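protein24.cif follows (mmCIF, C-alpha atoms and all ligand atoms):
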```cif
data_protein
loop_
_atom_site.group_PDB
_atom_site.id
_atom_site.type_symbol
_atom_site.label_atom_id
_atom_site.label_comp_id
_atom_site.auth_asym_id
_atom_site.auth_seq_id
_atom_site.Cartn_x
_atom_site.Cartn_y
_atom_site.Cartn_z
ATOM 1 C CA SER I 1 11.620 -18.871 -4.972
ATOM 2 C CA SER I 2 11.557 -21.495 -2.203
ATOM 3 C CA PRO I 3 10.666 -20.614 1.438
ATOM 4 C CA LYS I 4 13.555 -19.727 3.756
ATOM 5 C CA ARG I 5 12.049 -21.394 6.822
ATOM 6 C CA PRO I 6 13.625 -24.864 6.509
ATOM 7 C CA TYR I 7 17.082 -23.316 6.023
ATOM 8 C CA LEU I 8 16.749 -21.000 9.010
ATOM 9 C CA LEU I 9 15.402 -23.917 11.031
ATOM 10 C CA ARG I 10 18.367 -26.197 10.233
ATOM 11 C CA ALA I 11 20.747 -23.310 10.839
ATOM 12 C CA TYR I 12 19.251 -22.554 14.252
ATOM 13 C CA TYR I 13 19.137 -26.239 15.150
ATOM 14 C CA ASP I 14 22.882 -26.532 14.517
ATOM 15 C CA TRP I 15 23.648 -23.347 16.435
ATOM 16 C CA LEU I 16 21.636 -24.693 19.382
ATOM 17 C CA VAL I 17 23.297 -28.117 19.336
ATOM 18 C CA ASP I 18 26.775 -26.588 18.909
ATOM 19 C CA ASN I 19 26.134 -24.488 22.017
ATOM 20 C CA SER I 20 25.086 -27.522 24.059
ATOM 21 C CA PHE I 21 21.403 -26.530 24.089
ATOM 22 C CA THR I 22 18.406 -28.877 23.775
ATOM 23 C CA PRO I 23 16.471 -27.964 20.559
ATOM 24 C CA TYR I 24 12.731 -27.539 21.238
ATOM 25 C CA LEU I 25 10.299 -27.116 18.348
ATOM 26 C CA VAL I 26 6.940 -25.344 18.731
ATOM 27 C CA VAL I 27 4.378 -26.803 16.333
ATOM 28 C CA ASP I 28 0.878 -25.739 15.256
ATOM 29 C CA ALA I 29 -0.960 -29.068 15.657
ATOM 30 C CA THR I 30 -3.996 -27.652 13.814
ATOM 31 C CA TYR I 31 -2.025 -27.314 10.573
ATOM 32 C CA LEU I 32 -3.209 -29.741 7.864
ATOM 33 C CA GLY I 33 -1.058 -32.851 7.660
ATOM 34 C CA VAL I 34 0.463 -32.676 11.121
ATOM 35 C CA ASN I 35 0.723 -36.154 12.613
ATOM 36 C CA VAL I 36 1.547 -36.069 16.337
ATOM 37 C CA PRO I 37 0.108 -37.651 19.543
ATOM 38 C CA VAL I 38 -3.047 -35.660 20.187
ATOM 39 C CA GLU I 39 -2.966 -36.324 23.937
ATOM 40 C CA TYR I 40 0.092 -34.090 24.211
ATOM 41 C CA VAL I 41 -1.397 -31.134 22.362
ATOM 42 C CA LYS I 42 -2.118 -28.079 24.519
ATOM 43 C CA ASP I 43 -4.329 -25.369 23.042
ATOM 44 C CA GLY I 44 -3.613 -26.536 19.504
ATOM 45 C CA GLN I 45 0.139 -26.437 20.019
ATOM 46 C CA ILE I 46 2.791 -29.040 20.817
ATOM 47 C CA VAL I 47 6.452 -28.627 21.820
ATOM 48 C CA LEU I 48 8.827 -31.384 20.730
ATOM 49 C CA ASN I 49 12.338 -32.267 21.885
ATOM 50 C CA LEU I 50 14.485 -32.584 18.739
ATOM 51 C CA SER I 51 17.802 -33.444 20.423
ATOM 52 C CA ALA I 52 19.756 -36.424 19.070
ATOM 53 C CA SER I 53 19.227 -38.552 22.171
ATOM 54 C CA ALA I 54 15.443 -38.006 22.251
ATOM 55 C CA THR I 55 14.718 -38.727 18.577
ATOM 56 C CA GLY I 56 15.217 -41.555 16.119
ATOM 57 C CA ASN I 57 15.899 -41.134 12.387
ATOM 58 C CA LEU I 58 15.538 -37.359 12.557
ATOM 59 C CA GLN I 59 14.906 -35.703 9.201
ATOM 60 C CA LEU I 60 14.903 -31.932 8.717
ATOM 61 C CA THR I 61 13.928 -31.606 5.045
ATOM 62 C CA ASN I 62 12.631 -28.598 3.136
ATOM 63 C CA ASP I 63 9.013 -29.811 3.237
ATOM 64 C CA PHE I 64 8.808 -31.576 6.585
ATOM 65 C CA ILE I 65 10.254 -32.715 9.867
ATOM 66 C CA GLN I 66 9.981 -36.420 10.664
ATOM 67 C CA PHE I 67 11.335 -38.712 13.358
ATOM 68 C CA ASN I 68 10.586 -41.462 15.865
ATOM 69 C CA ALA I 69 10.230 -40.589 19.544
ATOM 70 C CA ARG I 70 9.023 -42.305 22.708
ATOM 71 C CA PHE I 71 5.952 -41.214 24.614
ATOM 72 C CA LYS I 72 5.563 -43.154 27.841
ATOM 73 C CA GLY I 73 8.004 -45.751 26.546
ATOM 74 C CA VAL I 74 6.049 -46.310 23.338
ATOM 75 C CA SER I 75 7.887 -45.415 20.139
ATOM 76 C CA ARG I 76 5.834 -43.344 17.678
ATOM 77 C CA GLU I 77 6.545 -41.619 14.377
ATOM 78 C CA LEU I 78 5.853 -37.914 14.033
ATOM 79 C CA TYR I 79 5.382 -36.001 10.801
ATOM 80 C CA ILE I 80 5.385 -32.203 10.699
ATOM 81 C CA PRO I 81 4.813 -30.229 7.469
ATOM 82 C CA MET I 82 7.249 -27.271 7.429
ATOM 83 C CA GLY I 83 4.344 -24.805 7.405
ATOM 84 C CA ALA I 84 3.492 -26.072 10.892
ATOM 85 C CA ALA I 85 6.906 -25.272 12.429
ATOM 86 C CA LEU I 86 6.374 -22.000 14.312
ATOM 87 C CA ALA I 87 9.642 -21.572 16.200
ATOM 88 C CA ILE I 88 12.679 -23.362 17.589
ATOM 89 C CA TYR I 89 14.428 -22.562 20.863
ATOM 90 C CA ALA I 90 16.802 -23.728 23.582
ATOM 91 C CA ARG I 91 15.069 -25.535 26.429
ATOM 92 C CA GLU I 92 17.669 -24.148 28.846
ATOM 93 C CA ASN I 93 17.181 -20.391 28.293
ATOM 94 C CA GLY I 94 14.548 -19.804 25.611
ATOM 95 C CA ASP I 95 17.042 -18.392 23.110
ATOM 96 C CA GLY I 96 16.045 -19.130 19.526
ATOM 97 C CA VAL I 97 13.712 -17.719 16.886
ATOM 98 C CA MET I 98 10.089 -17.618 15.784
ATOM 99 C CA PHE I 99 9.785 -18.120 12.045
ATOM 100 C CA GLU I 100 8.329 -15.311 9.991
ATOM 101 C CA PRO I 101 5.051 -15.893 8.151
ATOM 102 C CA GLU I 102 5.543 -17.027 4.561
ATOM 103 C CA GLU I 103 2.678 -16.863 2.054
ATOM 104 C CA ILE I 104 3.266 -20.332 0.618
ATOM 105 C CA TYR I 105 2.505 -21.884 4.030
ATOM 106 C CA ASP I 106 -0.903 -20.315 4.672
ATOM 107 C CA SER A 1 26.832 -18.457 23.814
ATOM 108 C CA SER A 2 28.344 -18.294 20.314
ATOM 109 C CA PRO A 3 27.195 -15.710 17.702
ATOM 110 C CA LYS A 4 24.409 -16.772 15.331
ATOM 111 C CA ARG A 5 25.809 -14.926 12.319
ATOM 112 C CA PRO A 6 27.918 -17.716 10.774
ATOM 113 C CA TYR A 7 24.979 -20.144 11.000
ATOM 114 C CA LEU A 8 22.523 -17.722 9.418
ATOM 115 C CA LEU A 9 25.122 -16.931 6.766
ATOM 116 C CA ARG A 10 25.654 -20.593 5.802
ATOM 117 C CA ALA A 11 21.907 -21.157 5.885
ATOM 118 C CA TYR A 12 21.230 -18.220 3.568
ATOM 119 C CA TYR A 13 24.094 -19.208 1.284
ATOM 120 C CA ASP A 14 22.553 -22.659 0.806
ATOM 121 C CA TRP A 15 19.075 -21.239 0.254
ATOM 122 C CA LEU A 16 20.503 -18.900 -2.399
ATOM 123 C CA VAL A 17 22.465 -21.632 -4.179
ATOM 124 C CA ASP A 18 19.517 -24.059 -4.018
ATOM 125 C CA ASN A 19 17.368 -21.420 -5.720
ATOM 126 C CA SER A 20 19.903 -20.912 -8.512
ATOM 127 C CA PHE A 21 20.985 -17.486 -7.231
ATOM 128 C CA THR A 22 24.537 -16.081 -7.197
ATOM 129 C CA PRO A 23 25.571 -15.464 -3.527
ATOM 130 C CA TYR A 24 26.990 -11.946 -3.037
ATOM 131 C CA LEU A 25 28.604 -10.979 0.266
ATOM 132 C CA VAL A 26 28.793 -7.365 1.481
ATOM 133 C CA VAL A 27 31.899 -6.829 3.605
ATOM 134 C CA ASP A 28 33.096 -3.983 5.842
ATOM 135 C CA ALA A 29 36.681 -3.621 4.561
ATOM 136 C CA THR A 30 37.538 -1.333 7.502
ATOM 137 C CA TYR A 31 37.031 -4.159 10.006
ATOM 138 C CA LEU A 32 40.293 -5.264 11.667
ATOM 139 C CA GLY A 33 41.784 -8.339 10.036
ATOM 140 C CA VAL A 34 40.011 -8.087 6.702
ATOM 141 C CA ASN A 35 42.367 -9.056 3.890
ATOM 142 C CA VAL A 36 40.965 -8.158 0.458
ATOM 143 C CA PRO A 37 42.227 -6.275 -2.658
ATOM 144 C CA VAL A 38 42.068 -2.635 -1.632
ATOM 145 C CA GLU A 39 41.657 -1.412 -5.216
ATOM 146 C CA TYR A 40 38.177 -2.927 -5.277
ATOM 147 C CA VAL A 41 36.971 -1.304 -2.070
ATOM 148 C CA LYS A 42 34.311 1.385 -2.523
ATOM 149 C CA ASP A 43 33.589 3.656 0.431
ATOM 150 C CA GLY A 44 35.038 1.146 2.879
ATOM 151 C CA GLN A 45 32.892 -1.682 1.554
ATOM 152 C CA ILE A 46 33.463 -4.555 -0.868
ATOM 153 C CA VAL A 47 30.987 -6.981 -2.468
ATOM 154 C CA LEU A 48 32.287 -10.468 -3.231
ATOM 155 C CA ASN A 49 30.916 -13.220 -5.464
ATOM 156 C CA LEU A 50 30.832 -16.408 -3.358
ATOM 157 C CA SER A 51 29.413 -18.773 -5.998
ATOM 158 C CA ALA A 52 31.178 -22.111 -6.518
ATOM 159 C CA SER A 53 32.443 -21.233 -9.991
ATOM 160 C CA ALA A 54 33.932 -17.880 -8.914
ATOM 161 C CA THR A 55 35.792 -19.089 -5.813
ATOM 162 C CA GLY A 56 38.454 -21.630 -4.947
ATOM 163 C CA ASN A 57 38.665 -23.567 -1.665
ATOM 164 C CA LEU A 58 35.711 -21.711 -0.165
ATOM 165 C CA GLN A 59 35.496 -21.928 3.619
ATOM 166 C CA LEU A 60 32.520 -20.639 5.603
ATOM 167 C CA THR A 61 33.650 -21.229 9.196
ATOM 168 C CA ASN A 62 32.318 -19.768 12.432
ATOM 169 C CA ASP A 63 35.159 -17.235 12.722
ATOM 170 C CA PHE A 64 35.899 -16.379 9.104
ATOM 171 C CA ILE A 65 35.286 -16.657 5.402
ATOM 172 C CA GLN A 66 38.274 -17.564 3.237
ATOM 173 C CA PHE A 67 38.799 -18.465 -0.404
ATOM 174 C CA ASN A 68 40.833 -17.897 -3.559
ATOM 175 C CA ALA A 69 39.405 -15.740 -6.338
ATOM 176 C CA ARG A 70 40.667 -14.117 -9.530
ATOM 177 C CA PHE A 71 40.895 -10.379 -10.003
ATOM 178 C CA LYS A 72 41.903 -9.489 -13.542
ATOM 179 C CA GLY A 73 43.088 -13.052 -14.074
ATOM 180 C CA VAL A 74 45.338 -12.995 -11.016
ATOM 181 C CA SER A 75 44.432 -15.474 -8.286
ATOM 182 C CA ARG A 76 44.393 -13.990 -4.770
ATOM 183 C CA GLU A 77 43.413 -15.259 -1.334
ATOM 184 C CA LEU A 78 40.814 -13.372 0.668
ATOM 185 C CA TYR A 79 40.274 -13.568 4.410
ATOM 186 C CA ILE A 80 37.181 -12.115 6.069
ATOM 187 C CA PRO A 81 36.643 -12.204 9.858
ATOM 188 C CA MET A 82 32.966 -13.053 10.524
ATOM 189 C CA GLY A 83 32.450 -9.706 12.273
ATOM 190 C CA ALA A 84 33.082 -8.064 8.896
ATOM 191 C CA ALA A 85 30.286 -9.915 7.047
ATOM 192 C CA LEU A 86 27.417 -7.410 6.879
ATOM 193 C CA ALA A 87 24.916 -9.142 4.603
ATOM 194 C CA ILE A 88 24.477 -11.765 1.905
ATOM 195 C CA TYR A 89 22.120 -11.532 -1.061
ATOM 196 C CA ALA A 90 21.187 -12.815 -4.507
ATOM 197 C CA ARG A 91 22.873 -10.928 -7.331
ATOM 198 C CA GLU A 92 19.803 -11.515 -9.511
ATOM 199 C CA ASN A 93 17.106 -9.862 -7.352
ATOM 200 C CA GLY A 94 18.639 -8.578 -4.116
ATOM 201 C CA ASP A 95 16.799 -11.103 -1.945
ATOM 202 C CA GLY A 96 18.792 -12.058 1.137
ATOM 203 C CA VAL A 97 19.484 -10.680 4.604
ATOM 204 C CA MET A 98 21.542 -8.121 6.495
ATOM 205 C CA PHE A 99 23.021 -9.616 9.642
ATOM 206 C CA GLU A 100 21.968 -8.164 12.959
ATOM 207 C CA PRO A 101 24.589 -6.464 15.131
ATOM 208 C CA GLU A 102 26.138 -8.799 17.692
ATOM 209 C CA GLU A 103 28.096 -7.420 20.657
ATOM 210 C CA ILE A 104 30.988 -9.865 20.338
ATOM 211 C CA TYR A 105 31.824 -8.441 16.889
ATOM 212 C CA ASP A 106 32.142 -4.760 17.804
HETATM 213 MG MG MG I 201 18.928 -40.193 17.875
HETATM 214 MG MG MG I 202 34.990 -23.412 -6.828
#
```
Please, can you express the file's structure as structure tokens?
Amino acid sequence: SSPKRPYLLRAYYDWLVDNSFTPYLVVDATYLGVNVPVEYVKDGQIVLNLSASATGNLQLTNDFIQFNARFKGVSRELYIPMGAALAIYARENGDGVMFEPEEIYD
Amino acid sequence: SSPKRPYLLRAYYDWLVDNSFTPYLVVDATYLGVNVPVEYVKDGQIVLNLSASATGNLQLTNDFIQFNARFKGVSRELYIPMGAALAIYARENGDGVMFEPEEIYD
């Protein structure tokens, strides 16, 4: 059956937003297919602000996360395969979850 | 902040339905406020079919689960406080999750 990760991710995103937290996503920028600004990658990882105000056309689908965001005032489109989403947490207090490894992703 | 249980429950419910599974909910019938047919309770626990075909007016809110269902052809309304939802799983293969204890519920 399908991976649980995208469902847990959307569920946690909603919990975070409903509690007034800013949703931060930790991404493995080395994962095949990840398309993000390389200059912001630190040790092969990048943390992205997924709040409504900081993103444009946010999509949290089963296979990927996609949206527009500004980096130094320049709007850019990011594409993150679901297998590259490692965890999601509140910027304010670190509460959230790290997704469990799922065979289909590796 | 608010309990994560109702969000994980709705997320797992959707994953189950999307994978063609029949969502079964394990409930602690001894929990205060639970309103279910006592004659179906086994050892203080009751398992309920939450599929769309088997329920009427299904509500999965943050504080409770409510819906109409037939027992021996007689329609009855069930009310389950979220603190009484112990786990949710697929009737077909048992895949699902048991919710973690959360202080606010006990
Ligand atoms: Mg926006
Ligand atoms: Mg129905």
Compile the contact shell of segment 42-45 of chain A as a ChimeraX atom specification: residues with an atom at most 8 Å away, counting all atoms listed in the file, same-chain residues fewer than 4 positions apart removed.
-> /A:26-30
Would you mind exporting C-alpha atoms of the selected residues as a PDB file, keeping the file's coordinate frame?
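Listed below is the output, out_1.pdb:
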```
ATOM      1  CA  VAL A  26      28.793  -7.365   1.481  1.00  0.00           C
ATOM      2  CA  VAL A  27      31.899  -6.829   3.605  1.00  0.00           C
ATOM      3  CA  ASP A  28      33.096  -3.983   5.842  1.00  0.00           C
ATOM      4  CA  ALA A  29      36.681  -3.621   4.561  1.00  0.00           C
ATOM      5  CA  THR A  30      37.538  -1.333   7.502  1.00  0.00           C
TER       6      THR A  30
END
```
What are the residues of chain I lining chain A at 9 Å or less? Count all atoms listed in the file, and put the answer as a JSON list (two decimals) with C-alpha atoms, in the frame of the given file.
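The new file out_21.json reads:
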```json
[["chain", "number", "residue", "atom", "x", "y", "z"],
["I", 1, "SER", "CA", 11.62, -18.87, -4.97],
["I", 2, "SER", "CA", 11.56, -21.50, -2.20],
["I", 3, "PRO", "CA", 10.67, -20.61, 1.44],
["I", 4, "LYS", "CA", 13.56, -19.73, 3.76],
["I", 7, "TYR", "CA", 17.08, -23.32, 6.02],
["I", 8, "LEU", "CA", 16.75, -21.00, 9.01],
["I", 9, "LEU", "CA", 15.40, -23.92, 11.03],
["I", 10, "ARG", "CA", 18.37, -26.20, 10.23],
["I", 11, "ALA", "CA", 20.75, -23.31, 10.84],
["I", 12, "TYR", "CA", 19.25, -22.55, 14.25],
["I", 14, "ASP", "CA", 22.88, -26.53, 14.52],
["I", 15, "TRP", "CA", 23.65, -23.35, 16.43],
["I", 18, "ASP", "CA", 26.78, -26.59, 18.91],
["I", 19, "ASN", "CA", 26.13, -24.49, 22.02]]
```
12 Å shell around ligand MG 202 (chain I) using all atoms listed in the file, listed as a ChimeraX atom specification | /A:49-59,67-70
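Atom CA of residue 23 of chain A to atom CA of residue 91 of chain A spans 6.5 Å [interatomic distance, one decimal].
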Superposed chain A (ref. Chain I, all C-alpha pairs in order) as a short mmCIF file (atom, residue, chain, number, x, y, z; two decimals) with C-alpha atoms, in the coordinates of the input:
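This is the output file result_32.cif:
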```cif
data_model
loop_
_atom_site.label_atom_id
_atom_site.label_comp_id
_atom_site.auth_asym_id
_atom_site.auth_seq_id
_atom_site.Cartn_x
_atom_site.Cartn_y
_atom_site.Cartn_z
CA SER A 1 11.62 -18.87 -4.97
CA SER A 2 11.56 -21.50 -2.20
CA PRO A 3 10.67 -20.61 1.44
CA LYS A 4 13.55 -19.73 3.76
CA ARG A 5 12.05 -21.39 6.82
CA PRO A 6 13.62 -24.86 6.51
CA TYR A 7 17.08 -23.32 6.02
CA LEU A 8 16.75 -21.00 9.01
CA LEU A 9 15.40 -23.92 11.03
CA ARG A 10 18.37 -26.20 10.23
CA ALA A 11 20.75 -23.31 10.84
CA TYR A 12 19.25 -22.55 14.25
CA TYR A 13 19.14 -26.24 15.15
CA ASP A 14 22.88 -26.53 14.52
CA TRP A 15 23.65 -23.35 16.43
CA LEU A 16 21.64 -24.69 19.38
CA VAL A 17 23.30 -28.12 19.34
CA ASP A 18 26.77 -26.59 18.91
CA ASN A 19 26.13 -24.49 22.02
CA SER A 20 25.09 -27.52 24.06
CA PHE A 21 21.40 -26.53 24.09
CA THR A 22 18.41 -28.88 23.78
CA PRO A 23 16.47 -27.96 20.56
CA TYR A 24 12.73 -27.54 21.24
CA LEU A 25 10.30 -27.12 18.35
CA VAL A 26 6.94 -25.34 18.73
CA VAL A 27 4.38 -26.80 16.33
CA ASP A 28 0.88 -25.74 15.26
CA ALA A 29 -0.96 -29.07 15.66
CA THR A 30 -4.00 -27.65 13.81
CA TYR A 31 -2.03 -27.31 10.57
CA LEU A 32 -3.21 -29.74 7.86
CA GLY A 33 -1.06 -32.85 7.66
CA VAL A 34 0.46 -32.68 11.12
CA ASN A 35 0.72 -36.15 12.61
CA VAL A 36 1.55 -36.07 16.34
CA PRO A 37 0.11 -37.65 19.54
CA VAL A 38 -3.05 -35.66 20.19
CA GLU A 39 -2.97 -36.32 23.94
CA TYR A 40 0.09 -34.09 24.21
CA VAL A 41 -1.40 -31.13 22.36
CA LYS A 42 -2.12 -28.08 24.52
CA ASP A 43 -4.33 -25.37 23.04
CA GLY A 44 -3.61 -26.54 19.50
CA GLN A 45 0.14 -26.44 20.02
CA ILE A 46 2.79 -29.04 20.82
CA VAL A 47 6.45 -28.63 21.82
CA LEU A 48 8.83 -31.38 20.73
CA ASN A 49 12.34 -32.27 21.89
CA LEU A 50 14.49 -32.58 18.74
CA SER A 51 17.80 -33.44 20.42
CA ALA A 52 19.76 -36.42 19.07
CA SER A 53 19.23 -38.55 22.17
CA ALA A 54 15.44 -38.01 22.25
CA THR A 55 14.72 -38.73 18.58
CA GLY A 56 15.22 -41.56 16.12
CA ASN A 57 15.90 -41.14 12.39
CA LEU A 58 15.54 -37.36 12.56
CA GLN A 59 14.91 -35.70 9.20
CA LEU A 60 14.90 -31.93 8.72
CA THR A 61 13.93 -31.61 5.05
CA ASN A 62 12.63 -28.60 3.14
CA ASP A 63 9.01 -29.81 3.24
CA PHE A 64 8.81 -31.58 6.59
CA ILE A 65 10.25 -32.71 9.87
CA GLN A 66 9.98 -36.42 10.66
CA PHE A 67 11.34 -38.71 13.36
CA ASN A 68 10.59 -41.46 15.87
CA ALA A 69 10.23 -40.59 19.54
CA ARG A 70 9.02 -42.30 22.71
CA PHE A 71 5.95 -41.21 24.61
CA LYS A 72 5.56 -43.15 27.84
CA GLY A 73 8.00 -45.75 26.55
CA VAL A 74 6.05 -46.31 23.34
CA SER A 75 7.89 -45.42 20.14
CA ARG A 76 5.83 -43.34 17.68
CA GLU A 77 6.55 -41.62 14.38
CA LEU A 78 5.85 -37.91 14.03
CA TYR A 79 5.38 -36.00 10.80
CA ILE A 80 5.38 -32.20 10.70
CA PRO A 81 4.81 -30.23 7.47
CA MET A 82 7.25 -27.27 7.43
CA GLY A 83 4.34 -24.80 7.40
CA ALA A 84 3.49 -26.07 10.89
CA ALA A 85 6.91 -25.27 12.43
CA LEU A 86 6.37 -22.00 14.31
CA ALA A 87 9.64 -21.57 16.20
CA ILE A 88 12.68 -23.36 17.59
CA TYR A 89 14.43 -22.56 20.86
CA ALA A 90 16.80 -23.73 23.58
CA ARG A 91 15.07 -25.54 26.43
CA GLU A 92 17.67 -24.15 28.85
CA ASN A 93 17.18 -20.39 28.29
CA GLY A 94 14.55 -19.80 25.61
CA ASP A 95 17.04 -18.39 23.11
CA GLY A 96 16.05 -19.13 19.53
CA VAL A 97 13.71 -17.72 16.89
CA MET A 98 10.09 -17.62 15.78
CA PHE A 99 9.78 -18.12 12.04
CA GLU A 100 8.33 -15.31 9.99
CA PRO A 101 5.05 -15.89 8.15
CA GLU A 102 5.54 -17.03 4.56
CA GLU A 103 2.68 -16.86 2.05
CA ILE A 104 3.27 -20.33 0.62
CA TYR A 105 2.51 -21.88 4.03
CA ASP A 106 -0.90 -20.31 4.67
#
```
Atom CA of residue 82 of chain A to atom CA of residue 64 of chain A: how many Å, to one decimal?
-> 4.7 Å
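In this structure, atom CA of residue 24 of chain A sits 25.9 Å away from atom CA of residue 98 of chain I.
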Residue among A:34, A:41, A:106, A:47 lying closest to residue 81 of chain A, counting only C-alpha atoms = A:34
Six-sided padding of 8 Å per side, axis-aligned box over segment 65-74 of chain A, centre and edges in Å, one decimal, as AutoDock Vina command-line options:
```
--center_x 40.3 --center_y -14.0 --center_z -4.3 --size_x 26.1 --size_y 25.0 --size_z 35.5
```
